[PDB]
J.: 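So that we are looking at the same thing, I have put the structure below in structure tokens.
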Amino acid sequence: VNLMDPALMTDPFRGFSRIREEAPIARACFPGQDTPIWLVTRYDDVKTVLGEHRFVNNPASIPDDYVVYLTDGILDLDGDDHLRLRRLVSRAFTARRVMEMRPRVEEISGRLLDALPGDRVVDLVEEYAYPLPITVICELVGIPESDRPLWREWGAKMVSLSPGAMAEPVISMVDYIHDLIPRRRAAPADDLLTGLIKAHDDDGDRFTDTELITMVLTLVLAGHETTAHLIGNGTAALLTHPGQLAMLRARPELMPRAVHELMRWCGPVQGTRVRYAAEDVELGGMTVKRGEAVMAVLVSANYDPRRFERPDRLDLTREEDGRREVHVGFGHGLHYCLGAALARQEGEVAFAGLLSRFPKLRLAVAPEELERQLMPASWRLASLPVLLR
Ligand code: HEM
Ligand SMILES: [Ca+2]
């Protein structure tokens, strides 16, 4: 009764909100459906689904030599295997590291912004939103500065090559990380790669080299395009909302709350990967059967009027306390985004940077003319043309 392609893609906000209201647990129909898929759209039900341990991400619960790096990543694991990797990665990817990243993200962002020209239209997606978060992950991980252009190029190729060729930069990145790990282990420094290498549980358990390569690749893949589109989408939102933008410039302490609202209103991830029922589960007055799939819809949860009053309004002041996170744009439960604090920091830094350097920052086309890169479960611009001066 629900089919995923037609004009849902163009307006997922109205499309999934109508569904939320009329059919809060609905069947979704996709070609090659190896099971029934249940679409879950209410805020409370999306949190129920994402917090439920009976839902698993792997139904079990590129050369052949590279396959592991793409299949055993943290988001693909459940139960005890997940518990272990999450515990291990949390010993290295710490609060201290995130706090210490702030001035580094400020310097990186500033150097990018400072090189942008005033004498032509600037594409903020290609020229800033994409290079920043890959560079930030380079800095976090400790990729040698000399090789950051190479990493940005691999990142750019991952987004722009055909799907028959997208493997090449992935494999090259793997090879790079494989080579770098023993170097960093022989020459340790205060960076996240060292942190990962040296992390160990109190009983001695620790990452294998395979797991270290997989984890590094995961952070890049999970953190590059997502963060890019938070920056692009949030900037476009601000530049089309002059009253909210003026408030934000007048009250820059609003930035953390402003980022929460931009995530709720136009965050780039609109659905999570499919969950599978490990056993029968009662959910909002029905029963999901063992083996059936469930797709949590973040965008409809984040626009749910049961939770957010006038949810269609972009209100940067909506949440009073920048410490509270009410939206599900970073997910929920055991797979809640590992990078959320870093991503929110990149957003705060990016939006503050843009506003501070460019009082005359403005869109260079009417918003109806922006091109969305249509893509399942995503909300992303193809480009963001602006004038800086
Ligand atoms: C800053 C860099 C980022 C890194 C390093 C990062 C890393 C990750 C990782 C490793 C996971 C999987 C964790 C697990 O399975 O236990 C994850 C999940 C997730 N992240 Fe991120 N992330 C980043 C940015 C973002 C951004 C900007 C968004 C959204 C706009 C986002 C949304 C998500 C969501 C929704 C999940 C959960 C997926 C699910 O349950 O299916 N992340 N993140
Ligand atoms: Ca995407």
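All ligand and atom numbering here is 1-based and tracks the order in the structure. Keep in mind that the numbers below use all heavy atoms, side chains included, and drop hydrogens, waters and symmetry copies. Sequence positions, counted from 1, serve as the residue numbers for this chain.
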J.: For ligand 1, indicate whether the residue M263 contacts it via side chain, backbone, both or neither (heavy-atom separation under 4.0 Å).
T.: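 Just the side chain.
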J.: Side chain or backbone, does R86 bring an N or O within less than 3.5 Å of an N or O on ligand 1?
T.: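 Between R86 and ligand 1 (N or O atoms, distance only) the closest approach is under 3.5 Å.
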J.: Donor-acceptor pair, distance only, cut-off 3.5 Å: does the side chain of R389 make one with the backbone of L387?
T.: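 Not a single qualifying donor-acceptor pair exists.
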J.: Ignoring hydrogens and angles, tell me if any N or O in the side chain of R206 forms a donor-acceptor pair with the backbone of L88 under 3.5 Å.
T.: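 Checked: no pair found.
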J.: Using 0.5 Å steps for rounding, measure from the CG atom of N302 to the CZ atom of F13.
T.: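 Going from the CG atom of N302 to the CZ atom of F13 covers 10.0 Å.
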J.: In terms of residue, atom name and distance, what is the protein heavy atom nearest to atom 36 (C) of ligand 1?
T.: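 That would be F330 O, 3.8 Å.
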J.: Just by distance, no angles: are the side chains of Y66 and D175 close enough, under 3.5 Å, to form a donor-acceptor pair?
T.: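 Distance-only check passes for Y66 and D175.
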J.: If the cut-off is 4.0 Å to any non-hydrogen atom of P268, which atoms of ligand 1 fall inside it?
T.: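 Within the 4.0 Å cut-off of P268, ligand 1 contributes 30 (C).
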J.: Quick test of your reading of the model: are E211 and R84 salt-bridged, counting only N-O distances below 4.0 Å?
T.: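 A salt bridge is present here (some side-chain N lies under 4.0 Å from a carboxylate O).
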J.: Look at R42 together with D44 and state whether they make a salt bridge at an N to O cut-off of under 4.0 Å.
T.: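 The answer is no: the pair does not qualify as a salt bridge.
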J.: Side chains of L132 and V349: closer than 4.5 Å at any heavy-atom pair?
T.: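 With C-beta onward as the side chain, the pair stays apart.
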J.: Provide the number and element of each atom of ligand 1 under 4.0 Å from a heavy atom of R273.
T.: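 So the atoms of ligand 1 that pass are 41 (O).
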J.: Could you establish whether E346 and ligand 1 come within less than 4.0 Å of each other, counting only heavy atoms on the residue side?
T.: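 Per 4.0 Å heavy-atom rule, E346 contacts ligand 1.
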J.: Within the 4.0 Å heavy-atom shell around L334, which atoms of ligand 1 are there?
T.: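 Those atoms are 16 (O).
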J.: Tell me, please: is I74 in heavy-atom contact with ligand 1, that is, under 4.0 Å?
T.: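 Flag set, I74 near ligand 1.
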J.: Under 4.0 Å from any heavy atom of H82, which atoms of ligand 1 are there?
T.: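 Answer, ordered by atom number: 14 (C), 15 (O), 16 (O).
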J.: Among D202, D201, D203, whose salt bridge (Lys or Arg N to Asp or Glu O under 4.0 Å) with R87 holds?
T.: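 Considering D202, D201, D203, a salt bridge (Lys or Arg N to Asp or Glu O under 4.0 Å) with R87 is found only for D201.
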J.: Assess the side chains of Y276 and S61: does a donor N or O sit below 3.5 Å from an acceptor N or O?
T.: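 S61 and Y276 do not have a side-chain donor-acceptor pair below 3.5 Å.
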J.: Can you name the atoms of ligand 1, numbered from 1 with element, that are less than 4.0 Å from a heavy atom of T226?
T.: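 Every atom of ligand 1 under 4.0 Å from some heavy atom of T226: 24 (C), 25 (C), 26 (C), 27 (C), 28 (C).
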J.: I'd like the name of whichever of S90, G223, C337 reaches closest to atom 3 (C) of ligand 1 through any heavy atom.
T.: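 The nearest heavy atom belongs to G223.
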J.: Run the numbers for me: atoms of ligand 1, each under 4.0 Å from some heavy atom of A343, listed by number.
T.: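 The list of qualifying atoms is 1 (C), 24 (C), 27 (C).
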J.: For atom 11 (C) of ligand 1, what is the closest protein heavy atom, and at what distance to 0.1 Å?
T.: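 Ranked first by proximity to atom 11 (C) of ligand 1 is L338 N, 3.9 Å.
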J.: Heavy atoms only: which of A340, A222, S378 is nearest to atom 7 (C) of ligand 1?
T.: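 Considering heavy atoms of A340, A222, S378, the nearest to atom 7 (C) of ligand 1 sits in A222.
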J.: Which atoms form the tightest heavy-atom contact between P359 and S356, and what is the distance?
T.: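 Looking at all heavy atoms of both residues, the closest pair is CD-O, 4.3 Å.
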J.: Can you tell which of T227, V220, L50, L221 gets a heavy atom nearest to atom 1 (C) of ligand 1?
T.: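 Checking each option, the heavy atom nearest atom 1 (C) of ligand 1 is found in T227.
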J.: Work out whether the distance between some heavy atom of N57 and some atom of ligand 1 is less than 4.0 Å.
T.: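 Contact check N57 vs ligand 1: negative.
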J.: Counting distance only, does the side-chain N/O of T71 pair as donor-acceptor with the main-chain N or O of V67 below 3.5 Å?
T.: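 Indeed, once roles are kept as given, a pair shorter than 3.5 Å links the two residues.
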J.: Counting only N and O atoms by type, is there a donor-acceptor contact under 3.5 Å from the side chain of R20 to the main-chain atoms of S300?
T.: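 Checking the backbone N and O of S300 against the side chain of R20, a donor-acceptor pair under 3.5 Å is found.
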J.: What are the atoms of ligand 1, with element, lying closer than 4.0 Å to any heavy atom of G329?
T.: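 Counting atoms of ligand 1 from 1, those under 4.0 Å from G329 are 29 (C), 32 (C), 35 (C).
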J.: At what distance is the nearest protein heavy atom to atom 38 (C) of ligand 1, and which residue and atom is it?
T.: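 Minimum-distance protein heavy atom for atom 38 (C) of ligand 1 reads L75 CD1, 3.9 Å.
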J.: Counting non-hydrogen protein atoms only, what is the nearest one to atom 37 (C) of ligand 1? Give residue, atom name and distance.
T.: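 The protein heavy atom lying closest is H335 O, 3.5 Å.
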J.: Is the centre of the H327 ring less than 6.0 Å from the centre of the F308 ring?
T.: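 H327 vs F308: aromatic centres not under 6.0 Å.
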J.: May I ask you to list the atoms of ligand 1 that are less than 4.0 angstrom from any heavy atom of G331?
T.: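 So the answer, numbered in order with elements, is 35 (C).
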J.: Indicate yes or no: does an N/O atom of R275 lie under 3.5 Å from an N/O atom of ligand 1?
T.: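 In this structure, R275 places an N or O atom under 3.5 Å from an N or O of ligand 1.
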